[PDB]
Amino acid sequence: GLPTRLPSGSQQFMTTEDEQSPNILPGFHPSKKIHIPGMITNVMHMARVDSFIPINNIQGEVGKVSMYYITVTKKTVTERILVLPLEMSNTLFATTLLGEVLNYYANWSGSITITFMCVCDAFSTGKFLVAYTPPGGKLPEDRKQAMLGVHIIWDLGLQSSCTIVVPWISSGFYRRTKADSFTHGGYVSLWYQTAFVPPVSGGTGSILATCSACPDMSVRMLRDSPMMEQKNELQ
Amino acid sequence: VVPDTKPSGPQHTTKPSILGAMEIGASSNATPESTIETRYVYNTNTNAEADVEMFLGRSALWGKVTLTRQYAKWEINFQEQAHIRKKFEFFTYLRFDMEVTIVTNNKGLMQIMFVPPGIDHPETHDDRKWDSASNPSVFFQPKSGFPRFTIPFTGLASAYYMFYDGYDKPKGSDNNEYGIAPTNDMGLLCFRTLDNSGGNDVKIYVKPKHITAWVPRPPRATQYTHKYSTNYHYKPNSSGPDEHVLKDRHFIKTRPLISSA
Amino acid sequence: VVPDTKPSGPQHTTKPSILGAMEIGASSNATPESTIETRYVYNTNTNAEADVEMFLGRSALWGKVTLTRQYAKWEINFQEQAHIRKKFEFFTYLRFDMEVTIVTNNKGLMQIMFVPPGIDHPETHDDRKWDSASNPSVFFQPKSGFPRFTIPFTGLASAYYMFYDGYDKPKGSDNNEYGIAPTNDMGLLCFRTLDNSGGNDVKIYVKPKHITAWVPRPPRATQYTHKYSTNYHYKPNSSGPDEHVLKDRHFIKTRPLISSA
Amino acid sequence: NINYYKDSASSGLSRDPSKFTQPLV
Amino acid sequence: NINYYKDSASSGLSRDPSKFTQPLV
Amino acid sequence: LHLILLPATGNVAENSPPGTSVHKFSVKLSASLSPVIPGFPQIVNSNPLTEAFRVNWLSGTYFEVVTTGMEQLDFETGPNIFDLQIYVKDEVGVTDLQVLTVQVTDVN
Amino acid sequence: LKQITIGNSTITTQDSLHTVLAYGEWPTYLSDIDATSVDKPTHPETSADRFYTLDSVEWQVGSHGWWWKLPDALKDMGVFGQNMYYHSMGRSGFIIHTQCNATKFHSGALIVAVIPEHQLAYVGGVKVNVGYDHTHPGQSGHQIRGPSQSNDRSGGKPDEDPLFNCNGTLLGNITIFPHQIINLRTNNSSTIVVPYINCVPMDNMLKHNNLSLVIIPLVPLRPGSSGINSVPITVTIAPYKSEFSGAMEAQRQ
């Protein structure tokens with residue numbers, strides 16, 4: 001007999017191992033593999049498709065389609081319209097394609113895209129300042145403070161969608177998915193740059209927002225997702 | 001690996017790589033080199049833990065049974081455990097061999113008979129149908145071993161239907177069955193104990209391998225209610241005089257004020 | 001190997017290889033060939049048992065737990081066992097994969113679920129959270145086997161912080177957490193028994209491998225008091241009317257008289 | 001790379017994003 | 001030198017003192 | 001000031017009586033506890049122009065949008081959607097405008 | 001500008017975007033390496049492949065959406081429908097064209113998506129398969145009617161909540177499907193080319209609906225300064241590279 005030894009870890013069943021198993025039903029011939037359009041090879045390719053953010057998820061809107069847009073108007077003074085804390089566990093991102101893929105993974109490291117679109121008439125125009133306050137920085141609460149971080153300024157005309165690329169600013173190499181105080185991601189605040197001027201006195205505009213991942217986004221340490229529960233028994 | 005970051009100086013361009021269009025149904029290619037001043041960053045992260053093989057190939061739990069009189073039966077399906085049913089309902093069509101492992105706390109000598117579709121299974125232990133000539137069976141002693149065996153892709157099509165928008169009988173029929181229920185059955189496993197020693201809890205861990213997912217979908221955003229049924233309206237209290245109130249059970253949390261979070 | 005000893009005759013030199021300087025912060029290179037008359041000695045000892053790999057790579061005990069109702073939980077940390085915490089606190093930054101072995105005196109069928117950070121663990125046995133789809137789990141029968149599995153380096157940085165001189169929240173914050181506590185969590189292991197057979201004592205032996213230590217430090221010269229806290233003042237008697245007396249608990253023994261030892 | 005069961009279905013785990021994110025003509 | 005688990009992190013144990021004792025310019 | 005819960009959408013029935021509710025919003029007082037001017041919050045403008053939306057006062061710091069019925073809602077004729085803007089304003093004086101969108105259901 | 005000509009019919013547009021090509025594949029014929037029946041398939045190629053324009057729907061303030069099942073919507077549209085009823089099997093790609101134009105005073109948006117296997121959820125409660133008559137409404141479409149506790153529950157009515165895609169998945173993640181948006185500010189139409197997406201070469205055109213066209217008013221329709229409170233939406237679908245096989249009697253009754 002050839003001398004073999006059974007080290008520790010050799011009569012166990014680890015769910016995430018990679019072993020070969022005896023084929024029950026031998027000689028079995030599976031049906032042929034035909035070309036079905038749309039084949040996917042990587043879930044990050046799902047996490048790179050823009051999906052709307054429920055930016056108006058207040059207690060009266062969840063469950064209604066009106067939780068996907070907020071209403072902007074002509075105000076004399078600048079105001080903070082909207083804040084999106086970069087937390088891939090926050091219900092803003094944790095329900096989109098980006099967030100619902102990233103929540104299966106404990107860590108994520110890359111750059112985000114956020115595409116703002118204004119749905120209003122063809123005569124309404126306006127400028128907005130989309131600022132991203134880097135990690136460690138307080139929520140701006142004044143446009144003079146918000147415009148010091150990574151920001152852009154997008155017009156409104158003949159083209160309605162604009163993209164702020166939240167760059168990868170971090171100390172560590174990976175940012176935890178469940179947002180904590182050590183790896184927090186900062187905030188993305190949307191400010192009236194000059195106004196929103198509609199063609200009438202009380203006109204309104206409805207702003208949407210989608211999120212996706214840049215090609216350099218990565219994830220690691222697959223886990224359970226907190227975005228699914230089972231309390232009952234499926235019968 | 002993921003691509004490196006390229007440097008980018010101050011640019012004054014007349015072709016904005018920022019102003020795209022959400023209406024055209026295409027996502028933006030805007031990398032941070034388009035918005036800010038980047039530095040070259042040798043970036044070597046891989047999404048190797050995200051590809052379908054390593055995403056789904058993890059041998060989750062598919063079903064539990066309980067040996068009542070040294071006998072229990074389970075029809076193979078991923079529809080009972082919501083956590084893995086969601087990861088599957090990510091995609092529309094899936095093609096995979098599966099590797100079944102039985103974690104039983106029983107002690108003694110058990111038998112698993114994989115009953116292919118269309119025949120009668122043993123309705124109890126010490127049934128005559130257990131002496132089979134061709135139904136593949138697995139004997140094992142639970143102490144010293146976890147039984148495991150691969151079922152190749154038994155499809156009757158080029159893939160599995162995770163969602164099926166059709167019926168199996170023509171229009172005027174009466175017992176039409178919506179969904180994927182008729183599209184496929186993977187047989188069933190009949191467990192029995194020949195001894196009397198151990199417990200009755202049997203867990204069936206199934207690992208999809210050689211996966212090939214075909215059409216992405218919006219991941220399920222609501223707790224399930226039934227199997228094969230893709231309903232989501234939960235009827236919580238069938239007894240009380242509110243049975244006609246249907247909870248929703250979604251995962252969208254609300255915040256107190258926008259522009260403050 | 002260590003270098004051989006070279007011969008050295010009587011030397012009358014004007015450059016003393018003995019008179020150095022302690023103030024310059026450099027140690028002296030004085031080998032015994034500088035002070036006395038040596039002979040050539042083929043010296044072949046190796047310090048192979050002292051390099052960081054073979055110094056720390058020995059699979060010490062990291063934590064004990066006790067299965068209360070077929071359930072126990074342990075958050076991975078080297079902070080509870082002083083003997084190994086000292087060998088780690090030798091260095092400032094450490095980068096290592098770790099190999100976890102579970103020595104349990106239980107009998108039956110156990111399950112270990114390695115819960116990655118950020119999710120909810122099963123708060124008890126027969127919890128619904130045990131049927132997981134992606135949390136890697138380890139089943140084993142304690143008789144006939146010791147379960148073992150490697151956790152690669154899960155760092156969120158290029159190394160582990162053995163000591164961290166900073167906080168995690170800005171200045172005005174209220175629950176700031178000094179030390180290495182927020183810098184990293186390695187998840188946790190949830191143990192449960194599916195049978196009822198054995199004892200409840202579970203020992204977790206963890207072996208750092210592929211180590212790369214980064215900054216040496218003065219080894220801990222005082223018995224620990226808390227975890228993650230690097231305090232050393234022991235408050236021995238909290239009850240009695242001396243609670244405000246703090247022992248020191250160092251290891252410096254005293255001798256009766258110098259110049260006599 | 002050995003296959004101990006002399007069968008393809010018995011092996012272990014096996015091993016372009018523009019189909020989405022740009023499905024234009 | 002065989003690696004039975006076809007992975008780097010699964011291997012066994014792997015394998016100038018002047019940075020200290022002389023850190024002078 | 002911060003108008004709580006009012007970027008939002010309302011729903012009124014077509015043959016709605018005068019006084020029926022549309023939405024319920026509240027107001028945060030900017031953590032210095034300066035109360036609201038007794039006549040405010042009000043409605044400055046409507047989107048196409050409208051009356052019969054009066055903002056009443058429920059008990060406390062809760063307000064409510066209520067159709068006063070001086071103008072009738074006939075969905076089978078126009079207009080069908082209104083975008084009212086609400087102007088809360090406190091003692092020290094720091095205004096806040098927020099927009100409430102009102103849709104008129106189609107009562108068969 | 002744009003112009004799309006299939007046999008016998010032409011589509012023209014003036015403020016139109018880039019045509020979406022579902023999953024980057026054009027509709028093609030069934031290659032011999034992928035076929036499984038032996039009978040020779042029939043190729044109409046000019047009387048089936050043309051733009052059948054279904055009924056126009058009314059986009060009002062408070063319309064929640066409409067969904068058309070395909071190829072069920074075309075079951076009585078010309079020789080395409082006649083071949084659907086006279087052949088055991090069939091496959092076809094489609095060229096879905098949506099049309100809605102209002103003005104430079106109107107506002108709003110529609111998320112026009114194409115869901116493969118849009119398995120609809122039951123309108124709630126007990127485990128009941130949705131009725132056959134409801135997931136096969138024909139060309140008339142199906143108005144979504146919005147969520148409520150008072151929706152009828154008899155006969156397997158499908159789900160009426162447009163936020164949960166009527167199937168349990170959140171809207172806004174619908175953009176993973178081949179989709180487009182009709183923003184009345186910028187464009188007034190949407191074109192989508194969809195190949196035959198199904199895990200089997202051909203299947204019965206009546207029992208199974210591969211695609212589902214879903215049009216949801218993402219943002220309501222403001223009339224602005226103009227007394228026009230509603231706009232008609234028209235859906236012009238055209239089979240393309242369609243082929244049927246297995247002739248038999250009409251599967252009508």
# chains A, B, ... in the order shown; residues from 1 in each chain; ligands from 1
>>> interface_residues(of="chain E", to="chain D", cutoff="12 Å", atoms="only C-alpha atoms", output="PyMOL selection string")
chain E and resi 3-6
>>> residues_around(residues="residue B:254", least_positions_apart="5", cutoff="6 Å", atoms="only C-alpha atoms", output="MDAnalysis selection string")
chainID A and resid 57:59
>>> interface_residues(of="chain F", to="chain G", cutoff="9 Å", atoms="only C-alpha atoms", output="list in words")
residues 47, 48, 75, 77, 78, 79, 80, 81, 82, 103, 104, 105 and 106 of chain F
>>> interface_residues(of="chain G", to="chain A", cutoff="7 Å", atoms="only C-alpha atoms", output="ChimeraX atom specification")
/G:23,25,34,104-109,163,172-173,175-176,183,185-186,197-199,218
>>> interface_residues(of="chain B", to="chain A", cutoff="6 Å", atoms="only C-alpha atoms", output="number ranges by chain")
B: 2-3, 18-22, 27, 31-32, 47, 50-52, 58-59, 80, 149-151, 153, 158, 213-215, 226-227, 252-255, 258-259, 261
>>> interface_residues(of="chain F", to="chain A", cutoff="8 Å", atoms="only C-alpha atoms", output="VMD selection string")
chain F and resid 5 7 to 9 45 to 48 83 to 85 97 99
>>> write_last_selection(atoms="C-alpha atoms", output="mmCIF file, in the first residue's frame")
data_model
loop_
_atom_site.group_PDB
_atom_site.id
_atom_site.type_symbol
_atom_site.label_atom_id
_atom_site.label_comp_id
_atom_site.auth_asym_id
_atom_site.auth_seq_id
_atom_site.Cartn_x
_atom_site.Cartn_y
_atom_site.Cartn_z
ATOM 1 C CA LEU F 5 -43.009 64.988 2.906
ATOM 2 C CA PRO F 7 -42.025 66.773 -2.884
ATOM 3 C CA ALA F 8 -45.007 64.555 -3.578
ATOM 4 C CA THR F 9 -48.030 63.620 -5.653
ATOM 5 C CA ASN F 45 -48.928 79.294 -7.406
ATOM 6 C CA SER F 46 -50.651 76.425 -9.132
ATOM 7 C CA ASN F 47 -49.241 74.917 -12.268
ATOM 8 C CA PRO F 48 -51.885 75.964 -14.839
ATOM 9 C CA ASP F 83 -48.611 71.358 -9.386
ATOM 10 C CA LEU F 84 -49.110 73.561 -6.340
ATOM 11 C CA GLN F 85 -46.157 75.107 -4.527
ATOM 12 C CA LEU F 97 -40.978 76.419 -1.332
ATOM 13 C CA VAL F 99 -44.173 71.479 -4.921
#
>>> residues_around(residues="residue C:194", least_positions_apart="5", cutoff="8 Å", atoms="only C-alpha atoms", output="VMD selection string")
(chain B and resid 105) or (chain C and resid 70 108 to 111)
>>> atom_distance(atom1="atom CA of residue B:220", atom2="atom CA of residue B:260")
28.7 Å
>>> closest_atom_pairs(of="chain G", to="chain D", cutoff="6 Å", atoms="only C-alpha atoms", output="CSV")
residue,atom,partner,partner_atom,distance
G:19,CA,D:25,CA,5.7
G:20,CA,D:24,CA,4.5
G:21,CA,D:23,CA,5.0
G:22,CA,D:23,CA,5.8
G:23,CA,D:19,CA,4.7
G:24,CA,D:23,CA,5.2
>>> select_by_dssp(residues="stretch 11-220 of chain A", states="alpha helix (DSSP H)", output="mmCIF file with N, CA, C and O atoms, in the first residue's frame")
data_model
loop_
_atom_site.group_PDB
_atom_site.id
_atom_site.type_symbol
_atom_site.label_atom_id
_atom_site.label_comp_id
_atom_site.auth_asym_id
_atom_site.auth_seq_id
_atom_site.Cartn_x
_atom_site.Cartn_y
_atom_site.Cartn_z
ATOM 1 N N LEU A 97 -29.967 48.108 -9.994
ATOM 2 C CA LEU A 97 -29.152 47.011 -10.500
ATOM 3 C C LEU A 97 -27.759 47.056 -9.901
ATOM 4 O O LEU A 97 -27.256 46.046 -9.395
ATOM 5 N N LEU A 98 -27.127 48.229 -9.945
ATOM 6 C CA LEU A 98 -25.824 48.410 -9.321
ATOM 7 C C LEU A 98 -25.836 47.929 -7.884
ATOM 8 O O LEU A 98 -25.064 47.045 -7.506
ATOM 9 N N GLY A 99 -26.726 48.484 -7.072
ATOM 10 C CA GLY A 99 -26.746 48.123 -5.671
ATOM 11 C C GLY A 99 -27.186 46.701 -5.422
ATOM 12 O O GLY A 99 -26.669 46.044 -4.519
ATOM 13 N N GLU A 100 -28.138 46.199 -6.199
ATOM 14 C CA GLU A 100 -28.598 44.847 -5.935
ATOM 15 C C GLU A 100 -27.590 43.798 -6.360
ATOM 16 O O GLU A 100 -27.662 42.666 -5.878
ATOM 17 N N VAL A 101 -26.655 44.140 -7.239
ATOM 18 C CA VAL A 101 -25.544 43.233 -7.495
ATOM 19 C C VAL A 101 -24.461 43.417 -6.448
ATOM 20 O O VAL A 101 -23.902 42.440 -5.943
ATOM 21 N N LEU A 102 -24.160 44.663 -6.088
ATOM 22 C CA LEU A 102 -23.096 44.931 -5.135
ATOM 23 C C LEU A 102 -23.428 44.479 -3.728
ATOM 24 O O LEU A 102 -22.514 44.332 -2.917
ATOM 25 N N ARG A 143 -23.997 75.781 -1.128
ATOM 26 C CA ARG A 143 -23.389 75.573 -2.436
ATOM 27 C C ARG A 143 -21.953 76.060 -2.471
ATOM 28 O O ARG A 143 -21.147 75.533 -3.237
ATOM 29 N N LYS A 144 -21.603 77.042 -1.642
ATOM 30 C CA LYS A 144 -20.214 77.477 -1.585
ATOM 31 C C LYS A 144 -19.318 76.411 -0.982
ATOM 32 O O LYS A 144 -18.111 76.417 -1.219
ATOM 33 N N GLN A 145 -19.881 75.498 -0.199
ATOM 34 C CA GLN A 145 -19.117 74.378 0.325
ATOM 35 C C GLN A 145 -19.213 73.144 -0.547
ATOM 36 O O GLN A 145 -18.255 72.370 -0.610
ATOM 37 N N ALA A 146 -20.338 72.939 -1.219
ATOM 38 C CA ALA A 146 -20.491 71.787 -2.085
ATOM 39 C C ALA A 146 -19.628 71.862 -3.325
ATOM 40 O O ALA A 146 -19.185 70.820 -3.813
#
>>> interface_residues(of="chain B", to="chain G", cutoff="6 Å", atoms="only C-alpha atoms", output="VMD selection string")
chain B and resid 23 to 25 157 to 159 163 to 167 178 218 220 to 222 230 to 233 235
>>> write_last_selection(atoms="C-alpha atoms", output="mmCIF file, in the first residue's frame")
data_model
loop_
_atom_site.group_PDB
_atom_site.id
_atom_site.type_symbol
_atom_site.label_atom_id
_atom_site.label_comp_id
_atom_site.auth_asym_id
_atom_site.auth_seq_id
_atom_site.Cartn_x
_atom_site.Cartn_y
_atom_site.Cartn_z
ATOM 1 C CA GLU B 23 -33.687 58.100 -23.767
ATOM 2 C CA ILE B 24 -31.572 56.148 -26.276
ATOM 3 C CA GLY B 25 -31.559 53.165 -23.928
ATOM 4 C CA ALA B 157 -34.794 22.114 -24.301
ATOM 5 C CA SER B 158 -31.574 24.022 -24.625
ATOM 6 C CA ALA B 159 -31.937 25.509 -21.131
ATOM 7 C CA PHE B 163 -39.781 32.203 -16.216
ATOM 8 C CA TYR B 164 -42.299 30.925 -18.743
ATOM 9 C CA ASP B 165 -45.007 33.231 -20.055
ATOM 10 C CA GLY B 166 -47.122 30.452 -21.454
ATOM 11 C CA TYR B 167 -49.470 27.585 -20.748
ATOM 12 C CA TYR B 178 -49.375 29.056 -15.992
ATOM 13 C CA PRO B 218 -34.561 42.695 -12.675
ATOM 14 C CA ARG B 220 -36.796 39.933 -7.415
ATOM 15 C CA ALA B 221 -37.713 42.943 -5.277
ATOM 16 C CA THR B 222 -40.442 41.342 -3.147
ATOM 17 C CA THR B 230 -44.313 34.486 -8.998
ATOM 18 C CA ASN B 231 -47.071 36.084 -6.946
ATOM 19 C CA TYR B 232 -46.027 38.632 -4.382
ATOM 20 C CA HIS B 233 -49.215 39.845 -2.672
ATOM 21 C CA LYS B 235 -52.297 37.365 2.365
#
>>> residues_around(residues="residue A:127", least_positions_apart="2", cutoff="7 Å", atoms="only C-alpha atoms", output="PyMOL selection string")
chain A and resi 129+153-156+192-196
